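Commentary on secondary and tertiary structure
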Number of protein chains: 2
Amino acid sequence: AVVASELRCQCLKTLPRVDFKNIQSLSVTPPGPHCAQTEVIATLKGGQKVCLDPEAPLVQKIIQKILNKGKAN
Amino acid sequence: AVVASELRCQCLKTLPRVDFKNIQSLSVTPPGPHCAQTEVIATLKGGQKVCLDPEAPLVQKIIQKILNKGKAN
């Protein structure tokens, strides 16, 4: 009945460091006529994704750590 | 008939800086039993997405520029 998903953002909320070690995927997109702020979408290991910080600026470090965690090639 | 998408990666190839200013979305995911390397997926403005560098390490700068391009709040 009532509405809980309209002119809000990319998600009701977001995490600054979703189950990091679990983060098995990520999705960053700019804001729109409501999100009023960039937002991302990270997936975890096991089957559980969601929306994360705005480009994880404060968590960027831990993020750059997740992005640089592919130094196995 | 022939197969062109098997034990390869997240995409046939990837861009180090897809239509950046157009990049209207992004998706970063780790490699698997074939990609042998982290890969991402960025979308452009107009309706055209694809796979980008591996966390755009060399292009990370221009990327951090796209991630920090939300300083309008």
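Scoring rules and cut-offs
Residues numbered from 1 in each chain as written, not as in the entry; some residues may be left out. Chains lettered and ligands numbered in written order. Heavy atoms only, no water. Residues with missing side-chain atoms left out of burial classes, pairs and counts. 1 Å grid on protein atoms, 1.4 Å probe; cavity = no way out; pocket = protein on both sides within 12 Å on 5 of 7 lines; lining within 4 Å. Points joined across faces, edges and corners; volume = space filled by probe spheres on them. Helix = DSSP H or I, 4+ residues; strand = E, 2+ residues; numbered from the N terminus. Least-squares fit on C-alpha atoms. Contact = heavy atoms within 4.5 Å. Buried < 20%, exposed > 50% of the residue type's maximum accessible area, 1.4 Å probe, protein only. Pairing = 2+ DSSP bridges. Core = buried A, V, L, I, M, F, W, Y, C linked by side-chain atoms within 4.5 Å. Patch = residues over 30% accessible without salt bridge, like charges linked within 9 Å, V, L, I, M, F, W, Y side chains within 5 Å. Areas by Shrake-Rupley, 256 points an atom, 1.4 Å probe, with all protein chains shown as cover. Salt bridge = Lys/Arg side-chain N within 4 Å of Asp/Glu carboxyl O. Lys, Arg positive; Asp, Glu negative; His and termini not counted. Charge placed at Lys NZ, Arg CZ, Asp CG, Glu CD. Disulfide = S-S within 2.5 Å. UniProt positions renumbered as here; feature names shortened; annotations may be inferred.

1. So, empty space enclosed by the protein
Considering only enclosed or pocket space, the largest cavity measures out at about 150 Å³ in volume. Looking at the largest cavity, it is lined by 18 residues, and the ones nearest its centre are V28(A), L67(A), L26(B), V28(B) and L67(B). At the level of secondary structure, the elements contributing two or more residues to the lining of the largest cavity comprise β1 (26-29) and α1 (60-67) of chain A together with β1 (26-29) and α1 (60-67) of chain B. The calculated volume of the second largest cavity comes to roughly 30 Å³. Around the second largest cavity sit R17(A), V18(A), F20(A), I23(A), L26(A), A42(A), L52(A) and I63(A), which together line it.

2. Points about the relation of the copies chain A and chain B
Mapping chain A onto chain B is achieved by rotating through 180° and translating by 0.0 Å along the same axis, at an RMSD of 0.0 Å. In the structure described here, the two chain copies are related by an operation that fits a two-fold rotation axis. Relative to the rotation axis, the C-alpha of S27(A) is the closest in chain A, positioned 1.9 Å from it. When the interface residues of chain A are mapped onto chain B, 100% of them again lie at the interface, so the same face is used by both copies.

3. Details of the environment of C9(A)
Residue and element names in this part refer to chain A. Within the element layout of this structure, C9 appears in the segment before β1. The exposure class assigned to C9 is partly exposed, which follows from its relative accessible area of 21%. For the pair formed by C9 and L67, sequence separation is 58 residues and the distance between their alpha carbons is 24 Å. When near neighbours in sequence (up to four residues on either side) are disregarded, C9 contacts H34, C35 and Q37.

4. Overview of the interface of chain A and chain B
Facing 17 residues of chain A, the contacting portion of chain B comprises 17 residues. Bridge count between β1(A) and β1(B): 3 bridges; the pairing is antiparallel. When the bridges of β1(B) are listed, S27(A) appears paired with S27(B).

5. With respect to the nonpolar core
Counting residues in hydrophobic clusters, the biggest one holds 28 residues, and the most contacted among them are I23(A), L26(A), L52(A), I23(B), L26(B) and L52(B). Broken down by secondary-structure element, the contributors of at least two residues to this core are β1, β2 (39-44) and α1 of chain A together with β1, β2 (39-44) and α1 of chain B. Excluding residues that lie within four positions of it along the chain, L26(A) makes contacts with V40(A), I41(A), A42(A), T43(A), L52(A), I66(A), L67(A), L26(B), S27(B), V28(B) and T29(B).

6. Examining a positive patch on the surface
All names here are of chain A. Taken together, the side chains of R17, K21, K45, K61, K65 and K69 present a region of like positive charge at the surface. Tracing the sequence through the fold places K21 in the segment before β1. On the accessibility criterion, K21 (67% relative accessible area) is exposed.

7. Looking at the UniProt feature "disulfide bond" in chain A
Residues and elements named next belong to chain A. Per UniProt, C9 and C35 form a disulfide, and the coordinates bear that out, putting the sulfurs 2.0 Å apart. Here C9, found in the segment before β1, pairs with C35, found in the loop between β1 and β2; they are 26 residues apart in sequence, far enough to count as distant. For the UniProt disulfide linking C11 with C51, the SG atoms sit 2.0 Å apart, under 2.5 Å and consistent with a formed bond. Here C11, found in the segment before β1, pairs with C51, found in strand β3 (residues 48-52); they are 40 residues apart in sequence, far enough to count as distant. With a relative accessible area of 28%, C11 lands in the partly exposed category.

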